[PDB]
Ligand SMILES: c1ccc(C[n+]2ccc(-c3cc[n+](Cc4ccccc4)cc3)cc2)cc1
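Single chain ahead, by itself, as structure tokens, in the form deposited without this ligand.
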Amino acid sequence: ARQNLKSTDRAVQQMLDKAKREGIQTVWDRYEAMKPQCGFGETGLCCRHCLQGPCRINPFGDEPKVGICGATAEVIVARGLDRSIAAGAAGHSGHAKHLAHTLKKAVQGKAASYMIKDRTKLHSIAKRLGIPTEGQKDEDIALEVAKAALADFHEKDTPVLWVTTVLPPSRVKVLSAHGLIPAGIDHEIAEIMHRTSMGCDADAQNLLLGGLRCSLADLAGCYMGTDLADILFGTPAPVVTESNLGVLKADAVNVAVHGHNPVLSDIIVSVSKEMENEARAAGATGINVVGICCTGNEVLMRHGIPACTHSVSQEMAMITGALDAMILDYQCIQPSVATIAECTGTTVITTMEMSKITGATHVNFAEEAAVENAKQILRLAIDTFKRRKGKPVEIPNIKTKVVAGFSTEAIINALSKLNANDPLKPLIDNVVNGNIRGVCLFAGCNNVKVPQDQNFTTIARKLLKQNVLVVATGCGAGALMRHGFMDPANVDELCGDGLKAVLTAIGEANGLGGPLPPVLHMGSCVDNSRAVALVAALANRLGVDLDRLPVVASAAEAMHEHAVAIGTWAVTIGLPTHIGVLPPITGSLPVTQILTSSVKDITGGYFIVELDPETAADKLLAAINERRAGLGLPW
């Protein structure tokens, strides 16, 4: 079996061989068993929005040509897409809502394990929202910030401030003119679900405008999540760590944190240090906390916790035999982990009331008891380590060096070493002179349909050679880190001369003796909001809207509904946005034409649907170079 057709990650390939030997079914096996997949679903031409369904429409040929109620292909496709956007917004904003409640509990004396760790971030957010700080206690400022966060979920006398205060006024004006500013986060999610139900909205343009507005509700949830997590846990600054399965240690208690919301896993990190002695009494060397998915990104960015794996390959960490516990919150967790655990000996633990998995142990985490819960959890992990004393394990000896922690604050600070009072100017100077062709954000998941990481690395290599500044979040950052794109030792190999010169100048001015890494890791999926903050700051410094900047995005291997939401708000804020898997839109030419072309006339952004990564890189470079030409720059 040619495992490189499943994943380009050599540690994953090794574990796929072990899973095959041992008869453990993987995500790739379940994908093979699903083929050929339903073409009605793949093209978007299926509707189950009422009990007269299921309805389907033949992409081509004879009947059925229309839904039972009269819903056309255009309507069916647009309604389906809208519900996916709403689902994504619901996830990011549920994460943000949880953090808002945590901050409120902390400053009300109800959860002493949590606190204001970043006072600077708290005050800047308060100022951005218009919350007075002068002569106020920090706990009172933070209570007002948490209350403002919660207020953005519902209608009120202002629109969603985590949209209108984070984008330039000119962009807010464009969006307002088209009716796209969200009135409340959960309000928009509910309105989507209403308008897409049977016998309601049935005009493709009207439906899709609703979708764009709900995608801005998702952006607000992302930005709110990043803001609150930085207040609570600290704004990231540059860190050095490692990635891939070789970060597991046979002689340690290996504990993975997995999911998206780090409200508990940040505590796990701190409590694990306190239980090192208890782990060694059990015969381990210590407790080795490692990350999976975006919760892993959160603790990597703030604490340098090494990242074990990501997304599609998450089961492989368990296949080593050395994963003693997998501590779950929610989002992007394959529920197969609970069954695989019976074969690998891993203790899979859920912690959130609305995210349980049959067969996994549940610990009822509460912020008020976080340290207590963390000790209960780590003691299960220690017990599990004890059960495998003397059992052989197979950890691939494969890992990469990762430099990360590039929050927007950290990037501005790094640039400030080149120009103290105008830190964005050195970046803009090098865009203008061509040393930096443009900026590309890689975001989103892996997807079993795409050999793991192949689109991210293929596209990134071409862009880096063409002097594009590449930033990354989520499992796009995961893909790039596991293939060495966050190791500064690879700048010479990967980067064009102009980009190398800039990365070197910034790195050497920050006391590194070497360049910044080839790709800047800006954090988790909610931390796509950090990229928005950087791009909005560049737009404001230049006096233009985002749809004039040479900035693009690529969800090169997208999977989750919240990647669909992110891609949609990237378009809505003005960016050319590549997606490297087929979204369920191709069954409607009119909807595809809106999303890939005529939306440019509304927001200035547009989707670029391209499954071939070499072709996608050329298309992204053309989009960047079109923006350069619109600014009168050489390219």
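Each residue number is its position in the shown sequence, starting from 1.
The protein also exists as the form deposited with this ligand bound; that form is not presented, and the subsequent description refers to it.
Proximity of residue 586 to this ligand in the entry with it bound falls within the 4.5 Å heavy atom cutoff. Residue 596 falls outside the set of residues with a heavy atom inside 4.5 Å of this ligand in the entry with it bound. Mapping the unseen interface onto this chain, residue 64 falls outside it, with no heavy atom inside 4.5 Å of this ligand in the entry with it bound.
With a 4.5 Å cutoff on heavy atoms, residue 611 counts as touching this ligand in the entry with it bound. In the entry with it bound, the residues of 37 to 52 lying within 4.5 Å of this ligand by at least one heavy atom are, in order, 42, 43.
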